[PDB]
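Asks: Generate a structure from the sequence data that follows.
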Amino acid sequence: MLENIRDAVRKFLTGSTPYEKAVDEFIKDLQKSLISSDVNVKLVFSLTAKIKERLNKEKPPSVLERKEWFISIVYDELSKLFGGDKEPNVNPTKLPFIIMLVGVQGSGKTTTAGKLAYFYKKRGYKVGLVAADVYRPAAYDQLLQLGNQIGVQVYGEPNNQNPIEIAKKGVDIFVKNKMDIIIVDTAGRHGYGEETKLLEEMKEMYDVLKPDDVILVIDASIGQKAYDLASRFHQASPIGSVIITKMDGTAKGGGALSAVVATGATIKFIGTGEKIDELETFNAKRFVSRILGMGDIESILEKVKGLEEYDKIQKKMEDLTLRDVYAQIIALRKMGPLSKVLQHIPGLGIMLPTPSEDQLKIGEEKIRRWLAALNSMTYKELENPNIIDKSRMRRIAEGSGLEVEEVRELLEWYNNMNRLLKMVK
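Replies: Residues are numbered from 1 along each chain as shown. Sure, the structure comes next:
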């Protein structure tokens, strides 16, 4: 879908017909791909209805194109659709770590304990895999393969059908050799729609291993149906997490994702391909960020960010500052570097003493001037300008392309501003 929503935004940005029919048309193509992807039709409707509400309440910030503000709002929502902006903790801090893998049959389960193991080996952790998925006979000889293929030890007991026993003898052995990350691959006798019974079954492999983390592995081809199992699973424990696999093998990726997230779950990983290293951290906002163009969502995390560090910081000063301006200037620059931004960039000051209504200092071009310094400074210098003398002014100068006097002007303005903010009270 994301790749499809990418062509639906290109046709909305390129100002064809009016606005009002464009959004409609847009909305008519969002709703149609999402459903297509098997997302609950109750999620699809609260989205395109949450998108229009905001489009009626949140006019675009000056300098923003109407057609750019809408899209802007869309991603946001799409994000929230998939669990919104959150960056799961993937590097444990309680060594060693027991991660029990659980889920219905074939869910990219067995390759996931590979990738997973892999992922953690790459982060230089001593991992030990535990094959305890006895219902598929081929699941062991498969895990032993990957392990030897990624240099990770694998502990299994062929033919044996006692999972618990296996998981116990495995983990005990890997905590002995003093491993660091121990991943136990288990399975499940039931499928989707037999939730209760499935989870109940996991119970007796949980108590035995008393794992620090449990990971439900879902096949992205279950679409929104992964829902039931999800909700129930996330509740059943305070240490539950999920992985979404095979997203590149089903047009149902959105259903699984939109469904699971609906549960509030923590989708820590998401399987992308069939190669070992293909397992990415999962952070909705980024996952979606993968559609269209970085600088299309850019003014976004740049505006909100840029504006907060702005308004606030001025406040905090009124009640050693000089590094601030970077933030302020880096901010404006995020929103186009030409005047089309300065006009509504009334400046950092905020407003104070000044003749009549004409301002006091700067110029529109005085822009790649603020910048001047900044780079012409190390942090020590941006926190206590007073340590900026001769030698340093020259380095500063040359490093920006200006002449000593320029840094002097800059520094005298700064001081004039800091003297003001202070004065304020």
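Asks: which residues in the stretch 1-150 of the chain form helices?
Replies: With helices called from DSSP state H, counting those that start in this stretch, the stretch 1-150 of the chain shows them at 2-13, 19-36, 41-47, 50-57, 66-81, 112-122, 138-149.
Asks: which one of those helices has the most crowded surroundings?
Replies: helix 112-122 (a mean of 23; mean count of other Cβ atoms under 10 Å). Using the backbone N, CA and C atoms, a C-beta is placed for each residue, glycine as well.
Asks: Quick check: residue 66 touching residue 55?
Replies: No - counting by Cβ atoms under 8 Å, residue 55 is not a contact partner of residue 66; they are 9.5 Å apart.
Asks: contacting residues around the closest residue to residue 228 other than its chain neighbours?
Replies: Spatially, and ignoring its direct neighbours in sequence, residue 228 is nearest to residue 195 (5.1 Å; Cβ to Cβ, 6 or more residues apart in numbering). Counting by Cβ atoms under 8 Å, 6 or more residues apart in numbering, residue 195 touches 228-229, 232-233.
Asks: quick one, phi psi at residue 195?
Replies: The phi and psi values for residue 195, taken as degrees, to the nearest 10, are phi -60, psi -80.
Asks: Check residue 362 too.
Replies: Residue torsions, per degrees, to the nearest 10, at residue 362 are phi 90, psi 180.
Asks: wait, what's in contact with it?
Replies: Counting by Cβ under 8 Å, 6+ apart, residue 362 makes contact with 347, 413.
Asks: Please tell me how far it sits from residue 9.
Replies: In this view, residue 362 and residue 9 are 37 Å apart by Cβ to Cβ, to the nearest Å.
Asks: Please verify my assumption that residue 110 contacts residue 141.
Replies: No - in this structure, residue 110 is not within contact of residue 141 by Cβ under 8 Å, at 10.5 Å.
Asks: sorry, back to before: most surrounded residue in the contacts of residue 195?
Replies: Ranked by the number of neighbours (other Cβ atoms under 10 Å), these place residue 229 first, at 28 neighbours.
Asks: show me the contacts for it.
Replies: 104, 192, 195, 198-199, 216, 218.
Asks: ok, those vs residue 339, which is closest?
Replies: Set against residue 339, the nearest of the contacts of residue 229 by Cβ to Cβ is residue 218 (51.1 Å).
Asks: which residues touch the host helix or strand of the closest one?
Replies: Using DSSP states H and E, residue 218 sits within strand 213-219. Under the contact criterion Cβ under 8 Å, 6+ apart, strand 213-219 has outside partners 92, 97-104, 106-109, 112, 116, 202, 206, 226, 229-230, 233, 237, 239-246, 250, 256, 260, 268-269.
Asks: if we go to 7 Å?
Replies: Residues outside strand 213-219 that contact it (Cβ atoms under 7 Å, 6 or more residues apart in numbering): 97, 99-103, 106-109, 112, 206, 226, 233, 237, 239-246, 256.
Asks: Weed out the non-buried ones from those.
Replies: Among the contacts of strand 213-219, those classed as buried by 16 or more other Cβ atoms under 10 Å are 97, 99-103, 106-109, 112, 206, 226, 233, 240-246, 256.
Asks: And the strands in the stretch 251-400 of the chain?
Replies: Taking DSSP state E, counting those that start in this stretch to define them, one finds strands in the stretch 251-400 of the chain at 267-271, 279-281.
Asks: Can you dump the C-alpha atoms of stretch 40-57 in CSV for me?
Replies: Extracted C-alpha coordinates of stretch 40-57, given in CSV (Å, rounded to 0.1, in the frame of the first residue of the first chain):
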residue,chain,number,x,y,z
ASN,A,40,-10.5,-2.8,9.5
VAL,A,41,-13.1,-0.7,7.7
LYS,A,42,-13.7,0.9,11.1
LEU,A,43,-10.1,2.1,11.2
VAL,A,44,-10.2,3.4,7.6
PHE,A,45,-13.3,5.4,8.4
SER,A,46,-12.0,7.1,11.7
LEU,A,47,-8.9,8.0,9.8
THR,A,48,-10.3,9.8,6.7
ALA,A,49,-12.7,11.4,9.3
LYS,A,50,-10.0,12.4,11.6
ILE,A,51,-8.0,13.8,8.7
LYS,A,52,-10.8,16.0,7.6
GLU,A,53,-11.5,17.3,11.1
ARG,A,54,-8.0,18.5,11.5
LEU,A,55,-8.2,19.9,7.9
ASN,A,56,-11.0,22.1,9.3
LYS,A,57,-9.4,23.0,12.6
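Asks: quick one: that stretch to chain centroid distance?
Replies: 22 Å (Cα atoms, centre = their mean, to the nearest Å).
Asks: Mind listing residues that contact that stretch?
Replies: 27, 30-31, 34-35, 70, 73-74, 77, 81, 224, 258-259, 262.
Asks: And for stretch 105-118?
Replies: Here stretch 105-118 makes contact (Cβ under 7 Å, 6+ apart) with 101, 103, 127, 129, 133, 139, 142-143, 146, 150, 152, 183, 185, 187-188, 191, 217-219, 243, 245-246, 271, 276-279.
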